[PDB]
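Shown here is one chain on its own, the form deposited in one PDB entry, set out as structure tokens.
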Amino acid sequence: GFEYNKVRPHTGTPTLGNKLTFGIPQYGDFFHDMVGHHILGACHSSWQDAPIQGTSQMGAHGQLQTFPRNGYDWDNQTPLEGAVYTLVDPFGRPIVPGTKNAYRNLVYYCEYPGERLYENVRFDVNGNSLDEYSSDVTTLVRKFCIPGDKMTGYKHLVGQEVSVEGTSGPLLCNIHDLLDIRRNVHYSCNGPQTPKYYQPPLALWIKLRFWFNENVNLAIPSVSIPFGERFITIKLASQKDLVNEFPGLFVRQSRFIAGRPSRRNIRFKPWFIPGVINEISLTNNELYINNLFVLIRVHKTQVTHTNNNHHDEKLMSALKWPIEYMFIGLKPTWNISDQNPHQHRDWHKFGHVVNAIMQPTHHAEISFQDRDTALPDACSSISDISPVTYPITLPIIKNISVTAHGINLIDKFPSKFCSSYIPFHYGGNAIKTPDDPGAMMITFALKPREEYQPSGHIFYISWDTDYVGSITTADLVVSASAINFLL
């Protein structure tokens, strides 16, 4: 019936940042689904030296890193009485400053690195690119198309970590009604997105998304066009777009405040100087093709730059054929910028991402005069070394409209109508409601993907905004489910 075969690359020695070519062989009558398999090599950063006290130095992202003298604030000029500074590692072990080869930075991967690895995919027959897509289309259609019963396998395929459940012991935890033992549940991550001293090799399986990769009845015949000209070209992402560093050194500030009660504060600040990650190798580069032994839906994509104030119209130039539905996302440029220290986390998000920061502290309160006992004698406040960060994604688009030749066809729907209500009502089991508030769905059929036969089809797109200005530019990603004909 069918069999999976491995194909080696036609290029030879693929590298991060360059192109990669596969040639489809002559094995079966049909072939429908293809998957790419790569293994990214192990990663670590270089050894660095601990600084002397009262030293400075330029760090990551154009930010000053400083190790102040005793008796001063975080800046080395302004005095702060009773301040002592030491050096720790990210887990609290001392460092003894001035030591050469003292510490090492930690390394981690981007979120969903298998979706970021294939930066551009195109399919050629004597030139003549029959289909072509990028990674923004992949991240936009994951949020609508992958069901949720398939999500934990997809995260294993693209190299995204999953949280693991753990339990504590029993507790007392009384019941009030207007006693019973009870157990806490905790969650913990361990994968490639967790900063480690050494990352293990990472196996990535990337599903190819063409029109014949979807169904078995739309598989192209192997002898209808010869095997000597069918190629698949993939432009890969660079190493700097895949791996990132975490600071391996922290400055610990202990401060005594005299008085009643005497307070003792402990705070932490990262010392982040960028090192050199070793160059990642690519081994076991393979393409698994499912050969079969015995109209079409072309995903049409377009990305456009936007920098105007308060409202914008863009005409859809590349869209040609009749369209059943489309997915629209406005992604800020700063989400994929190298000046963003949260590019590793926000590259696939379609809104403005802010960060809530919780700094949990331990507090203690000791009294010993034995006779005063109104106010205590000593207070202790100790912070954790790194805080807890919560990403909050806010939508960019306030109102949206999609206009035809002359008529309006949508008169300024609010963005929650297209982000929440249209995926809730339309689609059935094939479309889920996304967690991202910036991903929107526009429908033109009453049953978009519950069935395979067109139930309706079909050019400006206009929107209002508060975010976009001259420096806060954005990109508009449009992925439309068109209909074409193959012969």
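Between two forms, the rigid core is defined as the largest C-alpha subset superposing within 1.5 Å. Start at 1 and count along the sequence shown; that's the residue number. Shifts are known only where both forms have a C-alpha.
Peer 1: Count of coordinate-less deposited residues separating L178 and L179, as none, 1 to 3, 4 to 9, or 10 or more?
Peer 2: 10 or more residues are missing.
Peer 1: What does the record say about the segment between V294 and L295: how many deposited residues are without coordinates (none, 1 to 3, 4 to 9, 10 or more)?
Peer 2: Going from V294 to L295, the model skips 10 or more residues of the deposited sequence.
The discussion below concerns the form deposited in another entry, not included here.
Peer 1: After superposition on the rigid core, does the Cα atom of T15 shift by at least 2 Å between this form and the one not shown?
Peer 2: Not so; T15 is displaced by less than 2 Å.
Peer 1: Having a change of 3 Å or more in the C-alpha distance between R345 and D475, I'd like to know whether it is closer or farther in the other form than in the form here.
Peer 2: Residues separate in the other form, at least 3 Å farther apart.
Peer 1: Pin down for me whether the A474-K19 Cα distance shrinks or grows in the other form relative to this form (closer or farther, change of 3 Å or more).
Peer 2: They are closer; the C-alpha distance drops by 3 Å or more in the other form.
Peer 1: Only counting residues present in both forms, give the runs of 3 or more in a row whose C-alpha shift is 2 Å or more between this form and the one not shown, core aligned.
Peer 2: After superposing the rigid core, the only shifted stretch between this form and the one not shown is 468-480.
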